[PDB]
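Source file: data_8.cif (mmCIF, N, CA and C atoms and all ligand atoms)
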```cif
data_upload
#
loop_
_atom_site.label_atom_id
_atom_site.label_comp_id
_atom_site.auth_asym_id
_atom_site.auth_seq_id
_atom_site.Cartn_x
_atom_site.Cartn_y
_atom_site.Cartn_z
N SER A 42 5.07 -1.01 -31.45
CA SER A 42 5.61 -1.31 -30.10
C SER A 42 4.49 -1.45 -29.09
N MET A 43 4.80 -2.10 -27.95
CA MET A 43 3.81 -2.50 -26.98
C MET A 43 4.31 -2.32 -25.56
N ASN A 44 3.43 -1.93 -24.65
CA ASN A 44 3.71 -1.88 -23.23
C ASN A 44 3.37 -3.27 -22.62
N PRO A 45 4.02 -3.66 -21.57
CA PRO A 45 3.61 -4.83 -20.80
C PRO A 45 2.33 -4.56 -20.04
N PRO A 46 1.67 -5.61 -19.57
CA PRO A 46 0.61 -5.41 -18.60
C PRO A 46 1.17 -4.70 -17.39
N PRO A 47 0.38 -3.89 -16.69
CA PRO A 47 0.86 -3.23 -15.49
C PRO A 47 1.08 -4.16 -14.34
N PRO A 48 1.76 -3.76 -13.26
CA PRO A 48 1.83 -4.60 -12.08
C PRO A 48 0.43 -4.85 -11.55
N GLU A 49 0.24 -5.99 -10.91
CA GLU A 49 -1.10 -6.24 -10.35
C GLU A 49 -1.39 -5.31 -9.19
N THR A 50 -2.62 -4.93 -9.09
CA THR A 50 -3.10 -4.05 -8.06
C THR A 50 -4.27 -4.68 -7.23
N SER A 51 -4.74 -5.82 -7.62
CA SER A 51 -5.79 -6.50 -6.91
C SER A 51 -5.61 -7.99 -7.14
N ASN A 52 -5.81 -8.81 -6.12
CA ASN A 52 -5.73 -10.25 -6.29
C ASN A 52 -6.64 -10.83 -5.22
N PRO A 53 -7.78 -11.44 -5.57
CA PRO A 53 -8.72 -11.93 -4.56
C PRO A 53 -8.19 -13.05 -3.69
N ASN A 54 -7.11 -13.68 -4.08
CA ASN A 54 -6.52 -14.74 -3.27
C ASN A 54 -5.43 -14.28 -2.38
N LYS A 55 -5.00 -12.99 -2.45
CA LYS A 55 -3.89 -12.52 -1.67
C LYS A 55 -4.34 -12.00 -0.34
N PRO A 56 -3.86 -12.55 0.78
CA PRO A 56 -4.26 -12.01 2.09
C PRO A 56 -3.94 -10.53 2.24
N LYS A 57 -4.66 -9.84 3.08
CA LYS A 57 -4.42 -8.41 3.32
C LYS A 57 -4.77 -8.05 4.73
N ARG A 58 -4.25 -6.88 5.16
CA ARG A 58 -4.59 -6.27 6.41
C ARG A 58 -4.80 -4.78 6.25
N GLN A 59 -5.51 -4.20 7.22
CA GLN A 59 -5.59 -2.77 7.48
C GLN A 59 -4.79 -2.57 8.73
N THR A 60 -3.79 -1.72 8.64
CA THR A 60 -2.96 -1.42 9.79
C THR A 60 -2.73 0.07 9.86
N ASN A 61 -2.34 0.56 11.05
CA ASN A 61 -2.05 1.97 11.17
C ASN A 61 -0.85 2.36 10.30
N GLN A 62 0.12 1.48 10.11
CA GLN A 62 1.26 1.81 9.24
C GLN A 62 0.86 1.90 7.77
N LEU A 63 0.00 0.98 7.33
CA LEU A 63 -0.50 1.05 5.96
C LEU A 63 -1.35 2.28 5.76
N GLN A 64 -2.14 2.66 6.77
CA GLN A 64 -2.95 3.87 6.68
C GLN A 64 -2.04 5.10 6.55
N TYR A 65 -1.00 5.15 7.31
CA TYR A 65 0.00 6.24 7.25
C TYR A 65 0.68 6.28 5.89
N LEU A 66 1.00 5.13 5.34
CA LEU A 66 1.60 5.07 4.00
C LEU A 66 0.69 5.68 2.96
N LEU A 67 -0.63 5.53 3.05
CA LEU A 67 -1.54 6.15 2.10
C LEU A 67 -1.79 7.62 2.40
N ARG A 68 -2.13 7.92 3.65
CA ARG A 68 -2.59 9.25 4.05
C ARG A 68 -1.53 10.26 4.16
N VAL A 69 -0.30 9.84 4.49
CA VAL A 69 0.80 10.76 4.66
C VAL A 69 1.88 10.54 3.61
N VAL A 70 2.42 9.31 3.48
CA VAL A 70 3.60 9.12 2.63
C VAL A 70 3.24 9.29 1.16
N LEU A 71 2.30 8.50 0.67
CA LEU A 71 1.88 8.59 -0.71
C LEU A 71 1.33 9.98 -1.01
N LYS A 72 0.50 10.53 -0.14
CA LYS A 72 -0.10 11.84 -0.36
C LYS A 72 0.95 12.91 -0.54
N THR A 73 1.96 12.90 0.30
CA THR A 73 2.99 13.92 0.26
C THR A 73 3.80 13.81 -1.01
N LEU A 74 4.19 12.59 -1.40
CA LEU A 74 4.95 12.44 -2.64
C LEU A 74 4.13 12.76 -3.85
N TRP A 75 2.87 12.35 -3.85
CA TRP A 75 1.98 12.54 -4.96
C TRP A 75 1.78 13.99 -5.32
N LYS A 76 1.75 14.86 -4.30
CA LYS A 76 1.54 16.29 -4.48
C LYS A 76 2.82 17.06 -4.77
N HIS A 77 3.97 16.42 -4.73
CA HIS A 77 5.23 17.11 -4.95
C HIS A 77 5.37 17.52 -6.37
N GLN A 78 6.10 18.61 -6.57
CA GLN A 78 6.36 19.08 -7.92
C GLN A 78 6.90 18.01 -8.87
N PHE A 79 7.74 17.11 -8.33
CA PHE A 79 8.39 16.10 -9.15
C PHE A 79 7.62 14.79 -9.25
N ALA A 80 6.36 14.74 -8.85
CA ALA A 80 5.63 13.47 -8.88
C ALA A 80 5.32 12.99 -10.25
N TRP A 81 5.10 13.88 -11.22
CA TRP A 81 4.48 13.52 -12.49
C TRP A 81 5.11 12.37 -13.27
N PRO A 82 6.43 12.16 -13.31
CA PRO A 82 6.93 10.98 -14.03
C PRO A 82 6.65 9.67 -13.34
N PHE A 83 6.19 9.72 -12.09
CA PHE A 83 6.06 8.60 -11.20
C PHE A 83 4.61 8.27 -10.87
N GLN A 84 3.65 8.98 -11.41
CA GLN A 84 2.25 8.79 -11.03
C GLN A 84 1.55 7.73 -11.80
N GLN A 85 2.20 7.01 -12.69
CA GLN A 85 1.63 5.99 -13.52
C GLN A 85 2.70 5.09 -14.01
N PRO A 86 2.41 3.88 -14.45
CA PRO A 86 3.41 3.05 -15.14
C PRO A 86 4.04 3.80 -16.27
N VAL A 87 5.33 3.55 -16.53
CA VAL A 87 5.97 4.15 -17.70
C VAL A 87 5.26 3.68 -18.95
N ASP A 88 4.81 4.61 -19.79
CA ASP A 88 4.19 4.30 -21.10
C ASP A 88 5.30 4.38 -22.10
N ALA A 89 6.02 3.27 -22.24
CA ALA A 89 7.22 3.22 -23.08
C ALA A 89 6.92 3.51 -24.54
N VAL A 90 5.74 3.12 -24.96
CA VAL A 90 5.32 3.39 -26.34
C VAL A 90 5.15 4.92 -26.53
N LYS A 91 4.32 5.55 -25.73
CA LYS A 91 4.06 7.00 -25.94
C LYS A 91 5.29 7.83 -25.73
N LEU A 92 6.13 7.46 -24.75
CA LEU A 92 7.33 8.18 -24.44
C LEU A 92 8.48 7.88 -25.37
N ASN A 93 8.35 6.94 -26.28
CA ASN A 93 9.40 6.52 -27.17
C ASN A 93 10.65 6.10 -26.39
N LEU A 94 10.43 5.18 -25.44
CA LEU A 94 11.46 4.56 -24.58
C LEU A 94 11.41 3.06 -24.83
N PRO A 95 11.68 2.58 -26.05
CA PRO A 95 11.46 1.18 -26.36
C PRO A 95 12.32 0.21 -25.56
N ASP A 96 13.42 0.68 -25.04
CA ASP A 96 14.29 -0.12 -24.21
C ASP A 96 13.85 -0.20 -22.77
N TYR A 97 12.86 0.56 -22.31
CA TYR A 97 12.56 0.65 -20.87
C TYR A 97 12.31 -0.69 -20.24
N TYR A 98 11.37 -1.46 -20.82
CA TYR A 98 10.97 -2.75 -20.26
C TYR A 98 11.89 -3.89 -20.67
N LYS A 99 12.93 -3.60 -21.45
CA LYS A 99 14.04 -4.51 -21.66
C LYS A 99 15.01 -4.45 -20.48
N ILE A 100 15.18 -3.26 -19.92
CA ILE A 100 16.08 -2.98 -18.79
C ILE A 100 15.39 -3.17 -17.45
N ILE A 101 14.13 -2.74 -17.34
CA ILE A 101 13.36 -2.76 -16.11
C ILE A 101 12.35 -3.91 -16.12
N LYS A 102 12.68 -4.93 -15.35
CA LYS A 102 11.88 -6.11 -15.24
C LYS A 102 11.02 -6.19 -14.01
N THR A 103 11.16 -5.25 -13.06
CA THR A 103 10.29 -5.20 -11.90
C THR A 103 9.76 -3.78 -11.83
N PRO A 104 8.92 -3.36 -12.77
CA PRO A 104 8.45 -1.98 -12.79
C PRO A 104 7.59 -1.67 -11.59
N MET A 105 7.62 -0.42 -11.15
CA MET A 105 6.74 0.04 -10.04
C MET A 105 6.60 1.52 -10.15
N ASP A 106 5.47 2.05 -9.74
CA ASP A 106 5.13 3.46 -9.85
C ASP A 106 4.14 3.82 -8.75
N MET A 107 3.97 5.11 -8.48
CA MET A 107 3.07 5.56 -7.43
C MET A 107 1.60 5.37 -7.77
N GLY A 108 1.24 5.34 -9.06
CA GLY A 108 -0.13 5.01 -9.43
C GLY A 108 -0.51 3.61 -8.97
N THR A 109 0.36 2.68 -9.25
CA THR A 109 0.19 1.30 -8.82
C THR A 109 0.19 1.21 -7.30
N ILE A 110 1.09 1.90 -6.60
CA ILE A 110 1.11 1.87 -5.15
C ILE A 110 -0.21 2.44 -4.60
N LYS A 111 -0.68 3.55 -5.16
CA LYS A 111 -1.92 4.14 -4.70
C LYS A 111 -3.09 3.15 -4.86
N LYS A 112 -3.15 2.47 -5.95
CA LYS A 112 -4.19 1.47 -6.18
C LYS A 112 -4.02 0.31 -5.21
N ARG A 113 -2.83 -0.18 -4.96
CA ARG A 113 -2.62 -1.26 -4.01
C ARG A 113 -3.07 -0.86 -2.63
N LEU A 114 -2.77 0.35 -2.21
CA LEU A 114 -3.19 0.82 -0.90
C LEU A 114 -4.70 0.93 -0.83
N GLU A 115 -5.30 1.56 -1.82
CA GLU A 115 -6.76 1.77 -1.81
C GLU A 115 -7.52 0.50 -2.00
N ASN A 116 -7.02 -0.45 -2.75
CA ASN A 116 -7.68 -1.73 -2.99
C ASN A 116 -7.49 -2.71 -1.86
N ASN A 117 -6.75 -2.39 -0.82
CA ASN A 117 -6.48 -3.30 0.28
C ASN A 117 -5.71 -4.52 -0.22
N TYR A 118 -4.60 -4.25 -0.90
CA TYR A 118 -3.79 -5.31 -1.51
C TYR A 118 -2.74 -5.89 -0.55
N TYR A 119 -2.22 -5.04 0.32
CA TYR A 119 -1.07 -5.39 1.12
C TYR A 119 -1.38 -6.10 2.41
N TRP A 120 -0.50 -7.01 2.83
CA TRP A 120 -0.48 -7.58 4.17
C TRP A 120 0.28 -6.69 5.13
N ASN A 121 1.42 -6.12 4.70
CA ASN A 121 2.22 -5.36 5.62
C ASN A 121 2.86 -4.13 4.96
N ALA A 122 3.32 -3.24 5.83
CA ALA A 122 3.96 -2.00 5.42
C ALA A 122 5.20 -2.25 4.67
N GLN A 123 5.97 -3.25 4.99
CA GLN A 123 7.20 -3.55 4.26
C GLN A 123 6.97 -3.83 2.80
N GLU A 124 5.88 -4.45 2.43
CA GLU A 124 5.59 -4.66 1.01
C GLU A 124 5.46 -3.32 0.29
N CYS A 125 4.80 -2.37 0.93
CA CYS A 125 4.58 -1.07 0.31
C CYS A 125 5.87 -0.25 0.28
N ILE A 126 6.64 -0.26 1.35
CA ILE A 126 7.95 0.41 1.37
C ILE A 126 8.84 -0.18 0.30
N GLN A 127 8.81 -1.48 0.11
CA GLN A 127 9.56 -2.14 -0.96
C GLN A 127 9.14 -1.64 -2.31
N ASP A 128 7.86 -1.45 -2.56
CA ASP A 128 7.40 -0.92 -3.83
C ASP A 128 7.95 0.49 -4.07
N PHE A 129 7.94 1.36 -3.08
CA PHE A 129 8.57 2.68 -3.27
C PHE A 129 10.05 2.53 -3.58
N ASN A 130 10.75 1.68 -2.86
CA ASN A 130 12.17 1.49 -3.10
C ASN A 130 12.44 0.91 -4.47
N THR A 131 11.62 0.02 -4.97
CA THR A 131 11.77 -0.51 -6.33
C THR A 131 11.60 0.60 -7.34
N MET A 132 10.61 1.48 -7.11
CA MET A 132 10.39 2.60 -8.00
C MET A 132 11.64 3.47 -8.09
N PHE A 133 12.25 3.79 -6.96
CA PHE A 133 13.46 4.63 -6.99
C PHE A 133 14.61 3.91 -7.66
N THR A 134 14.85 2.68 -7.26
CA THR A 134 15.94 1.90 -7.82
C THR A 134 15.83 1.75 -9.32
N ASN A 135 14.65 1.47 -9.83
CA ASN A 135 14.44 1.35 -11.25
C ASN A 135 14.87 2.63 -11.99
N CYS A 136 14.55 3.77 -11.39
CA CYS A 136 14.91 5.04 -12.02
C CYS A 136 16.43 5.16 -12.10
N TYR A 137 17.12 4.77 -11.05
CA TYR A 137 18.59 4.84 -11.06
C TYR A 137 19.18 3.82 -11.99
N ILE A 138 18.59 2.69 -12.21
CA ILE A 138 19.10 1.67 -13.14
C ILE A 138 18.91 2.12 -14.58
N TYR A 139 17.71 2.59 -14.96
CA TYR A 139 17.40 2.89 -16.34
C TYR A 139 18.11 4.13 -16.86
N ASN A 140 18.22 5.13 -16.02
CA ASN A 140 18.77 6.44 -16.41
C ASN A 140 20.21 6.52 -15.98
N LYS A 141 20.85 7.68 -16.16
CA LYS A 141 22.28 7.90 -15.97
C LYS A 141 22.47 8.92 -14.86
N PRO A 142 23.75 8.97 -14.38
CA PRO A 142 24.07 9.96 -13.36
C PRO A 142 23.82 11.38 -13.81
N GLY A 143 23.19 12.12 -12.92
CA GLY A 143 22.92 13.53 -13.23
C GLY A 143 21.76 13.78 -14.16
N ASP A 144 21.08 12.70 -14.62
CA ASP A 144 19.93 12.94 -15.50
C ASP A 144 18.84 13.67 -14.73
N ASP A 145 18.03 14.42 -15.48
CA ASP A 145 16.94 15.19 -14.90
C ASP A 145 16.07 14.30 -13.97
N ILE A 146 15.65 13.16 -14.48
CA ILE A 146 14.73 12.32 -13.72
C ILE A 146 15.40 11.70 -12.53
N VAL A 147 16.70 11.45 -12.58
CA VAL A 147 17.41 10.92 -11.41
C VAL A 147 17.42 11.92 -10.31
N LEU A 148 17.67 13.20 -10.64
CA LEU A 148 17.62 14.23 -9.62
C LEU A 148 16.22 14.32 -8.98
N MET A 149 15.19 14.15 -9.78
CA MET A 149 13.80 14.17 -9.28
C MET A 149 13.58 13.01 -8.34
N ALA A 150 13.96 11.81 -8.75
CA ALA A 150 13.81 10.64 -7.91
C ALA A 150 14.59 10.79 -6.61
N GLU A 151 15.79 11.35 -6.66
CA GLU A 151 16.57 11.54 -5.42
C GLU A 151 15.88 12.48 -4.45
N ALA A 152 15.26 13.53 -4.96
CA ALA A 152 14.54 14.47 -4.09
C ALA A 152 13.30 13.76 -3.50
N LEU A 153 12.56 13.00 -4.29
CA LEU A 153 11.41 12.27 -3.76
C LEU A 153 11.82 11.22 -2.76
N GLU A 154 12.96 10.55 -2.98
CA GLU A 154 13.42 9.53 -2.08
C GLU A 154 13.81 10.16 -0.75
N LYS A 155 14.47 11.31 -0.77
CA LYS A 155 14.84 11.97 0.49
C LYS A 155 13.58 12.31 1.31
N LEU A 156 12.55 12.81 0.63
CA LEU A 156 11.29 13.13 1.27
C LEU A 156 10.61 11.88 1.81
N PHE A 157 10.59 10.82 1.02
CA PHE A 157 10.07 9.51 1.44
C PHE A 157 10.70 9.05 2.73
N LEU A 158 12.03 9.09 2.78
CA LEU A 158 12.74 8.63 3.96
C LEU A 158 12.42 9.52 5.17
N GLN A 159 12.26 10.81 4.99
CA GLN A 159 11.85 11.70 6.07
C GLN A 159 10.50 11.29 6.63
N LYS A 160 9.54 11.00 5.74
CA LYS A 160 8.23 10.54 6.19
C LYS A 160 8.29 9.16 6.84
N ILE A 161 9.09 8.25 6.35
CA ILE A 161 9.24 6.91 6.96
C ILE A 161 9.80 6.97 8.37
N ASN A 162 10.58 8.00 8.69
CA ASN A 162 11.03 8.19 10.07
C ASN A 162 9.90 8.40 11.02
N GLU A 163 8.80 9.00 10.56
CA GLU A 163 7.64 9.23 11.42
C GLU A 163 6.59 8.14 11.24
N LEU A 164 6.98 6.92 10.71
CA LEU A 164 6.04 5.80 10.60
C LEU A 164 5.57 5.44 12.00
N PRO A 165 4.27 5.43 12.27
CA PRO A 165 3.83 5.18 13.64
C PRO A 165 4.14 3.77 14.08
N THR A 166 4.31 3.58 15.38
CA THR A 166 4.52 2.24 15.94
C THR A 166 3.24 1.42 15.67
N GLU A 167 3.36 0.13 15.35
CA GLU A 167 2.20 -0.69 15.02
C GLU A 167 1.36 -1.00 16.25
N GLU A 168 0.03 -0.82 16.15
CA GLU A 168 -0.89 -1.06 17.26
C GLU A 168 -1.11 -2.56 17.46
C1 LIG B 1 13.54 9.38 -19.55
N1 LIG B 1 13.27 8.47 -18.45
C2 LIG B 1 12.06 8.41 -17.86
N2 LIG B 1 11.10 9.18 -18.27
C3 LIG B 1 9.89 9.14 -17.59
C4 LIG B 1 8.82 10.00 -18.07
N3 LIG B 1 7.56 9.86 -17.56
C5 LIG B 1 6.82 10.81 -18.20
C6 LIG B 1 5.47 11.10 -18.09
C7 LIG B 1 4.93 12.05 -18.92
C8 LIG B 1 5.73 12.80 -19.80
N4 LIG B 1 5.06 13.71 -20.65
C9 LIG B 1 4.28 14.74 -19.98
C10 LIG B 1 3.31 15.34 -20.96
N5 LIG B 1 4.03 15.95 -22.08
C11 LIG B 1 3.08 16.54 -23.06
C12 LIG B 1 4.90 14.98 -22.74
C13 LIG B 1 5.84 14.33 -21.75
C14 LIG B 1 7.07 12.55 -19.90
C15 LIG B 1 7.61 11.55 -19.10
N6 LIG B 1 8.87 10.99 -19.00
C16 LIG B 1 10.08 11.58 -19.63
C17 LIG B 1 10.82 12.48 -18.66
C18 LIG B 1 11.95 13.17 -19.11
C19 LIG B 1 12.71 13.97 -18.23
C20 LIG B 1 12.36 14.16 -16.95
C21 LIG B 1 11.24 13.53 -16.50
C22 LIG B 1 10.49 12.69 -17.35
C23 LIG B 1 9.64 8.33 -16.51
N7 LIG B 1 10.69 7.59 -16.06
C24 LIG B 1 10.88 6.78 -14.99
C25 LIG B 1 9.82 6.48 -14.00
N8 LIG B 1 12.12 6.26 -14.99
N9 LIG B 1 12.78 6.77 -16.07
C26 LIG B 1 11.92 7.56 -16.72
#
```

Please lay out the structure from this file as structure tokens.
Ligand SMILES: CNc1nc(-c2nc3ccc(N4CCN(C)CC4)cc3n2Cc2ccccc2)cn2c(C)nnc12
Amino acid sequence: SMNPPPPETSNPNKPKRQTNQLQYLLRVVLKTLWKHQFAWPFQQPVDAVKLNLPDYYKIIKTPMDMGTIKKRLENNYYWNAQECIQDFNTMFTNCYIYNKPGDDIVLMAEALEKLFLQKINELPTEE
């Protein structure tokens, strides 16, 4: 069995910006989620081979994870905050699609999503 290539994290042709909202997304939002007790299933692309989840990438066609988001932020990949917020939302949605109601990992994703949304409320106004 085989994993797909990971999502791209660098593209020399893709425009980018440094903004106060993107800085907040790295320094506060990503940092807070990354340090949470429930971060570990989300800190890297799903390794479907090692985890013996051969159906994962049959079901999930837009994979996303916090490892990839962290690299996109640090590599100066993004033009805007909405791209990064979308990546977090894809990560949560994927978890709800692949797994079932009440599953361990769904409960974890729900707790991280609640925390994410709390931090997004304090997203600074753009300068
Ligand atoms: C079952 N469904 C999913 N499992 C995982 C996933 N990521 C893991 C990372 C690493 C470990 N290992 C840690 C080191 N140990 C030695 C051995 C296990 C397991 C992991 N799993 C499986 C698991 C199962 C239940 C709750 C959380 C995660 C991620 N997922 C996402 C994202 N969406 N759905 C899933």

List every residue of chain A that DSSP, applied to the backbone of this structure, places in alpha helix (DSSP H), and write the result as a VMD selection string. chain A and resid 61 to 65 72 to 75 89 to 92 97 to 100 107 to 115 122 to 139 145 to 162

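Using all atoms listed in the file, we find that the residues with an atom at most 7 Å from any atom of ligand LIG 1 (chain B) are residues 81, 82, 83, 86, 87, 88, 92, 106, 132, 135, 136, 137, 139, 140, 144, 145, 146 and 147 of chain A.
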
So, with only C-alpha atoms as the atoms that count, which of A:43, A:167, A:149, A:120 lies closest to residue A:91? A:43

Among the residues A:122, A:93, A:85, A:73, the one that comes closest to residue A:109 [using all atoms listed in the file]: A:85

Rounded to one decimal in Å, what is the spacing between atom C of residue A:151 and atom N of residue A:75?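 Between these atoms lies a distance of 13.0 Å.
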
Separation of atom N of residue A:161 from atom C of residue A:142, in Å and rounded to one decimal: 25.2 Å

All residues 8 Å or closer to residue A:57, only N, CA and C atoms, same chain fewer than 4 positions away omitted, as a ChimeraX atom specification: /A:117-121

Residue completion, stretch 107-129 of chain A, N, CA, C and O atoms, as a PDB file, in the frame of the given file:
```
ATOM      1  N   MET A 107       3.970   5.110  -8.480  1.00  0.00           N
ATOM      2  CA  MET A 107       3.070   5.560  -7.430  1.00  0.00           C
ATOM      3  C   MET A 107       1.600   5.370  -7.770  1.00  0.00           C
ATOM      4  O   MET A 107       0.767   5.268  -6.875  1.00  0.00           O
ATOM      5  N   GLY A 108       1.240   5.340  -9.060  1.00  0.00           N
ATOM      6  CA  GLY A 108      -0.130   5.010  -9.430  1.00  0.00           C
ATOM      7  C   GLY A 108      -0.510   3.610  -8.970  1.00  0.00           C
ATOM      8  O   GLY A 108      -1.582   3.369  -8.407  1.00  0.00           O
ATOM      9  N   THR A 109       0.360   2.680  -9.250  1.00  0.00           N
ATOM     10  CA  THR A 109       0.190   1.300  -8.820  1.00  0.00           C
ATOM     11  C   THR A 109       0.190   1.210  -7.300  1.00  0.00           C
ATOM     12  O   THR A 109      -0.659   0.503  -6.730  1.00  0.00           O
ATOM     13  N   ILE A 110       1.090   1.900  -6.600  1.00  0.00           N
ATOM     14  CA  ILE A 110       1.110   1.870  -5.150  1.00  0.00           C
ATOM     15  C   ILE A 110      -0.210   2.440  -4.600  1.00  0.00           C
ATOM     16  O   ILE A 110      -0.778   1.870  -3.650  1.00  0.00           O
ATOM     17  N   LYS A 111      -0.680   3.550  -5.160  1.00  0.00           N
ATOM     18  CA  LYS A 111      -1.920   4.140  -4.700  1.00  0.00           C
ATOM     19  C   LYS A 111      -3.090   3.150  -4.860  1.00  0.00           C
ATOM     20  O   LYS A 111      -3.876   2.968  -3.911  1.00  0.00           O
ATOM     21  N   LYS A 112      -3.150   2.470  -5.950  1.00  0.00           N
ATOM     22  CA  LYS A 112      -4.190   1.470  -6.180  1.00  0.00           C
ATOM     23  C   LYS A 112      -4.020   0.310  -5.210  1.00  0.00           C
ATOM     24  O   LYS A 112      -5.054  -0.150  -4.645  1.00  0.00           O
ATOM     25  N   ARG A 113      -2.830  -0.180  -4.960  1.00  0.00           N
ATOM     26  CA  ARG A 113      -2.620  -1.260  -4.010  1.00  0.00           C
ATOM     27  C   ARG A 113      -3.070  -0.860  -2.630  1.00  0.00           C
ATOM     28  O   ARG A 113      -3.773  -1.624  -1.921  1.00  0.00           O
ATOM     29  N   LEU A 114      -2.770   0.350  -2.210  1.00  0.00           N
ATOM     30  CA  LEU A 114      -3.190   0.820  -0.900  1.00  0.00           C
ATOM     31  C   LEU A 114      -4.700   0.930  -0.830  1.00  0.00           C
ATOM     32  O   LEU A 114      -5.354   0.383   0.089  1.00  0.00           O
ATOM     33  N   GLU A 115      -5.300   1.560  -1.820  1.00  0.00           N
ATOM     34  CA  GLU A 115      -6.760   1.770  -1.810  1.00  0.00           C
ATOM     35  C   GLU A 115      -7.520   0.500  -2.000  1.00  0.00           C
ATOM     36  O   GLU A 115      -8.700   0.411  -1.520  1.00  0.00           O
ATOM     37  N   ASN A 116      -7.020  -0.450  -2.750  1.00  0.00           N
ATOM     38  CA  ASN A 116      -7.680  -1.730  -2.990  1.00  0.00           C
ATOM     39  C   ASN A 116      -7.490  -2.710  -1.860  1.00  0.00           C
ATOM     40  O   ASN A 116      -8.091  -3.814  -1.919  1.00  0.00           O
ATOM     41  N   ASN A 117      -6.750  -2.390  -0.820  1.00  0.00           N
ATOM     42  CA  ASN A 117      -6.480  -3.300   0.280  1.00  0.00           C
ATOM     43  C   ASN A 117      -5.710  -4.520  -0.220  1.00  0.00           C
ATOM     44  O   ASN A 117      -6.061  -5.653   0.057  1.00  0.00           O
ATOM     45  N   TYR A 118      -4.600  -4.250  -0.900  1.00  0.00           N
ATOM     46  CA  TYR A 118      -3.790  -5.310  -1.510  1.00  0.00           C
ATOM     47  C   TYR A 118      -2.740  -5.890  -0.550  1.00  0.00           C
ATOM     48  O   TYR A 118      -2.367  -7.043  -0.706  1.00  0.00           O
ATOM     49  N   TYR A 119      -2.220  -5.040   0.320  1.00  0.00           N
ATOM     50  CA  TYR A 119      -1.070  -5.390   1.120  1.00  0.00           C
ATOM     51  C   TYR A 119      -1.380  -6.100   2.410  1.00  0.00           C
ATOM     52  O   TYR A 119      -2.337  -5.744   3.095  1.00  0.00           O
ATOM     53  N   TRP A 120      -0.500  -7.010   2.830  1.00  0.00           N
ATOM     54  CA  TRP A 120      -0.480  -7.580   4.170  1.00  0.00           C
ATOM     55  C   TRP A 120       0.280  -6.690   5.130  1.00  0.00           C
ATOM     56  O   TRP A 120      -0.135  -6.528   6.300  1.00  0.00           O
ATOM     57  N   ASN A 121       1.420  -6.120   4.700  1.00  0.00           N
ATOM     58  CA  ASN A 121       2.220  -5.360   5.620  1.00  0.00           C
ATOM     59  C   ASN A 121       2.860  -4.130   4.960  1.00  0.00           C
ATOM     60  O   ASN A 121       2.871  -3.935   3.763  1.00  0.00           O
ATOM     61  N   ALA A 122       3.320  -3.240   5.830  1.00  0.00           N
ATOM     62  CA  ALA A 122       3.960  -2.000   5.420  1.00  0.00           C
ATOM     63  C   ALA A 122       5.200  -2.250   4.670  1.00  0.00           C
ATOM     64  O   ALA A 122       5.508  -1.466   3.705  1.00  0.00           O
ATOM     65  N   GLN A 123       5.970  -3.250   4.990  1.00  0.00           N
ATOM     66  CA  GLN A 123       7.200  -3.550   4.260  1.00  0.00           C
ATOM     67  C   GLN A 123       6.970  -3.830   2.800  1.00  0.00           C
ATOM     68  O   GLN A 123       7.799  -3.417   1.978  1.00  0.00           O
ATOM     69  N   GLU A 124       5.880  -4.450   2.430  1.00  0.00           N
ATOM     70  CA  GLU A 124       5.590  -4.660   1.010  1.00  0.00           C
ATOM     71  C   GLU A 124       5.460  -3.320   0.290  1.00  0.00           C
ATOM     72  O   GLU A 124       5.926  -3.186  -0.847  1.00  0.00           O
ATOM     73  N   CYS A 125       4.800  -2.370   0.930  1.00  0.00           N
ATOM     74  CA  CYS A 125       4.580  -1.070   0.310  1.00  0.00           C
ATOM     75  C   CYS A 125       5.870  -0.250   0.280  1.00  0.00           C
ATOM     76  O   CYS A 125       6.211   0.352  -0.761  1.00  0.00           O
ATOM     77  N   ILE A 126       6.640  -0.260   1.350  1.00  0.00           N
ATOM     78  CA  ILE A 126       7.950   0.410   1.370  1.00  0.00           C
ATOM     79  C   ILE A 126       8.840  -0.180   0.300  1.00  0.00           C
ATOM     80  O   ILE A 126       9.521   0.559  -0.413  1.00  0.00           O
ATOM     81  N   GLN A 127       8.810  -1.480   0.110  1.00  0.00           N
ATOM     82  CA  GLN A 127       9.560  -2.140  -0.960  1.00  0.00           C
ATOM     83  C   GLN A 127       9.140  -1.640  -2.310  1.00  0.00           C
ATOM     84  O   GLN A 127       9.992  -1.418  -3.181  1.00  0.00           O
ATOM     85  N   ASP A 128       7.860  -1.450  -2.560  1.00  0.00           N
ATOM     86  CA  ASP A 128       7.400  -0.920  -3.830  1.00  0.00           C
ATOM     87  C   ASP A 128       7.950   0.490  -4.070  1.00  0.00           C
ATOM     88  O   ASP A 128       8.416   0.796  -5.184  1.00  0.00           O
ATOM     89  N   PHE A 129       7.940   1.360  -3.080  1.00  0.00           N
ATOM     90  CA  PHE A 129       8.570   2.680  -3.270  1.00  0.00           C
ATOM     91  C   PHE A 129      10.050   2.530  -3.580  1.00  0.00           C
ATOM     92  O   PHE A 129      10.569   3.191  -4.484  1.00  0.00           O
TER      93      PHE A 129
END
```
